[PDB]
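Right, one structure below, let's go through it.
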There are 2 protein chains.
Amino acid sequence: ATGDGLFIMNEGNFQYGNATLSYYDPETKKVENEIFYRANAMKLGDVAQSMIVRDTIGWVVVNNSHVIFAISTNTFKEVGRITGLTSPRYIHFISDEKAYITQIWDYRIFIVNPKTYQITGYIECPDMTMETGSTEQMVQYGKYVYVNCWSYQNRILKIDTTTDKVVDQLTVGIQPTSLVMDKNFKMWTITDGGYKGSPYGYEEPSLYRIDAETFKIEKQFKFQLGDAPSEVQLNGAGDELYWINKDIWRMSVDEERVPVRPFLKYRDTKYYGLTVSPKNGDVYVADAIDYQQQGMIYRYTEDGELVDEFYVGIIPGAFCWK
Amino acid sequence: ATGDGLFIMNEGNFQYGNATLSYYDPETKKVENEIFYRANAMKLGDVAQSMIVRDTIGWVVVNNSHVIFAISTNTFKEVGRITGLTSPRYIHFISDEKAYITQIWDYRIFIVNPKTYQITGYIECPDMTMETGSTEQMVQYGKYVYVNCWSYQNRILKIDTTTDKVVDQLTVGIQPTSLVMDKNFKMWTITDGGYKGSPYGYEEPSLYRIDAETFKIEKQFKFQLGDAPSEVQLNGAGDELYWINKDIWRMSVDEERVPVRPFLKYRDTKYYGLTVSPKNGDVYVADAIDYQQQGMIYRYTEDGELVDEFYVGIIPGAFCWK
Ligand code: NA
Ligand code: NA
Ligand code: NA
Ligand code: NA
Ligand SMILES: [O-]
């Protein structure tokens, strides 16, 4: 919320158990690596995946360790953990006593009580199996949570939080990757188009603007076959949209045309991850390099001036702001 | 948010300039009176009316001093103030840089930037004048702010926060007093019925349950002619509704009939304000007594057991949790 500190989730290598958590302070430009291991004398696990901060507690999703850790955002000390998660993706709080945890390889969204760390129920997604089930990012509008369904799916689902039931769905292009809501209460999702030879599909990917109140598609911007966009996101004001599509792209949330010029042109760095400071609009991009050594983060001002570079953990893939 | 500290706004006597601010610590059962004056060497003013707390800053609305003071919730020292307000009632933040302040004797809701303390615009309410205009409490559902219109009015208005315009209205009984939203995203408002000899009107007052998503009245509970109810309030979970109508009344938000038995019996005084601890469900009742002598606060458990009683300022009518 403040933008005064940045957490970086380093995925590590799948099944090698070498995920780590980094913390960067934009004011001092100092990075700290392996902070969870150093504070807890315990490895973070396998494939760190996402994180949210809520009232000085950070909730770190470790996808292939089937766990979310609650940690102090000051000391990085574990205060609790939720285990038993099929393959968790994101956590979104409904209240202090209720949160939803999305999953891959499950047709259910898990409901937890964050005060007890216990799973209290499940939301069954329609027309989904354990074999190809996928739920991902969540946004909330009024009483409803919207969630994109990514791997081998092509839908946004609408959940009534007063009943914990899916009440509607919206079909989009195959594999919407991410989901955010702007200052006009329009949701944005960008699909990745599958891939050549996919058992599911391969098509031109698209960026959609969807009214949150009415769940209606308002705009669809189509890209080229072969593009695999990802990580649509917003600045702090919710009025500038960013995403990855080889380059880093941005546009005003009121634009009716996608710009021809990107924010950061792709040349010598493959952009593995992206975030925007909610405080000053700085843009951060992750470089996974060779997927074996420390990856690095580049920090740009909103005007494109490179102001910092810092090495983190292995395959930095997600960000979370204090 | 925590429920560890309670502010009490003592209205003082109208036009006497003797409003004060009190702070109560439920753990020690210690009250501190005249805290604003003690911390700032400045009288609070005339008709302190309401307060909200946002990120350790308290925003104290002083209706007949035309000002909202931003104070530290630790030291109670002023950090800034918003002046130039016709006769402010409540403040509701839309974002860090945008808040709405309702008014009596104005047809406009003021828009402010709380970071600069400046008035940045106005929301014109339809079919309202400076002479009898009234906007009062606010709740937000999605992109919309709903507001009750109290003195010489009989409406709830719906404001689109993305345009800062009134986009809809709902007629209710005359003079809806207060507005809350429960855990089912139903709004509740209770009218006072005017009074016999009012220049505006007089009728049986009612409690309404209104769907926030569709702005539709779902339930209307009518009371006896001559009652003048006020101050709907919710517990922390948003599942028990309380209000004043001589006695203190409560019911589950899922109840289909108003109860015949009250929570706290009338005692020949003037219950004037009400709050529920969001931490433990204790119920606090502000008693203005006779509107002249020093008021008292009664603290009860959610089960009706008296826990404490303490003296505050003159006409204690509003509460805010730290
Ligand atoms: Na709505
Ligand atoms: Na590049
Ligand atoms: Na009516
Ligand atoms: Na209490
Ligand atoms: O009154």
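A note on names: the letters A, B, ... follow the listed sequences, proteins ahead of strands, and every chain is numbered from 1. Only heavy atoms go into these numbers, but all of them, side chains included; no hydrogens, no water, no symmetry mates.
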Open item on the list: One pair to check against side chain to side chain contact (heavy atoms under 4.5 Å, CB included): B:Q140 and B:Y146. What are the steps and the verdict?
Closed with: CA-CA 6 Å; B:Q140 184 160 350; B:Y146 291 105; over 6 Å; no

TODO: Starting from the C-alpha separation in whole Å, work towards a yes-or-no answer on side chain to side chain contact (heavy atoms under 4.5 Å, CB included) for B:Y23 and B:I8.
DONE: CA-CA 6 Å; B:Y23 180 80; B:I8 304 95; over 6 Å; no

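Within a 6.0 Å radius of OH in B:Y195, other residues, nucleotides and ligands contribute more than 12 heavy atoms. Counting non-hydrogen atoms of other residues, nucleotides and ligands closer than 6.0 Å to NZ of B:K222 gives a total of 12 or fewer. For B:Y200, the OH atom is densely surrounded, since the number of other residues' heavy atoms within 6.0 Å is greater than 12.
Using a 4.0 Å cut-off between charged side-chain N and carboxylate O, B:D282 and B:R299 make a salt bridge. With salt bridges taken as basic N to acidic carboxylate O contacts below 4.0 Å, none links B:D211 and B:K216. Between B:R209 and B:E256 a salt bridge is recorded (basic side-chain N to carboxylate O distance below 4.0 Å). Ion pairing of B:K165 with B:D160 is absent here, as no side-chain N (NZ or NE/NH1/NH2) approaches a carboxylate O to less than 4.0 Å. The existence of a salt bridge linking B:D227 and B:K246 is confirmed by a sub-4.0 Å separation between a basic side-chain nitrogen and an acidic carboxylate oxygen. Classification of B:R108 and B:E124 as a salt-bridged pair fails, no side-chain N sitting under 4.0 Å from a carboxylate O. Note on B:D4 versus B:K279: salt bridge recorded, some NZ/NE/NH1/NH2 to OD/OE distance being below 4.0 Å.
Annotation: cation-pi geometry satisfied between A:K158 and A:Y144 (NZ/CZ under 6.0 angstrom from ring centroid, within 45° of ring axis).
Within the 3.5 Å criterion, the main-chain N or O of A:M138 finds no donor-acceptor partner in the side chain of A:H92. For the pair B:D46 (side chain) and B:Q15 (backbone), a donor-acceptor distance under 3.5 Å is present. Distance alone, capped at 3.5 Å, places no donor-acceptor pair between the B:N154 side chain and the B:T171 backbone. Using modelled atom types, one side-chain atom of B:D287 and one backbone atom of B:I289 make a donor-acceptor pair closer than 3.5 Å. The backbone N or O of B:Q103 lies less than 3.5 Å from no partner atom in the side chain of B:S87, so there is not a single donor-acceptor pair. Put simply, the side chain of B:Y271 gets close to the backbone of B:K265: a donor and an acceptor are under 3.5 Å apart. Checked by atom type and distance alone, the side chain of B:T20 never pairs as donor or acceptor with a backbone atom of B:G313 at under 3.5 Å. At least one donor-acceptor pair under 3.5 Å links the side chain of B:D182 to the backbone N or O of B:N184. Counting only distance, with no hydrogens or angles, the side chain of A:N113 and the backbone of A:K115 share a donor-acceptor pair below 3.5 Å.
A:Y141 and B:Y141 have perpendicular rings, their planes meeting at more than 60° on a 0 to 90° scale where under 30° would count as parallel. Relative orientation of the B:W243 and B:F223 rings is tilted, given thresholds of 30° and 60° on the angle between their planes. Using the six-membered ring where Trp is involved, B:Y298 and B:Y300 have ring planes that are perpendicular, over 60° apart on the 30 and 60° scheme. Using the six-membered ring where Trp is involved, B:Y122 and B:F110 have ring planes that are perpendicular, over 60° apart on the 30 and 60° scheme.
The salt bridge (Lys or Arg N to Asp or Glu O under 4.0 Å) check on B:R155 picks up nothing, with sequence neighbours excluded. Remark: B:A39 engages B:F76, B:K77 in a side-chain contact (heavy atoms from CB on, under 4.5 Å) (not counting sequence neighbours). The side-chain contact (heavy atoms from CB on, under 4.5 Å) search around B:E27 returns B:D25, not counting sequence neighbours.
In this structure, A:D164 and A:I159 have side chains that are not in contact, with every pair of non-hydrogen atoms separated by 4.5 Å or more.
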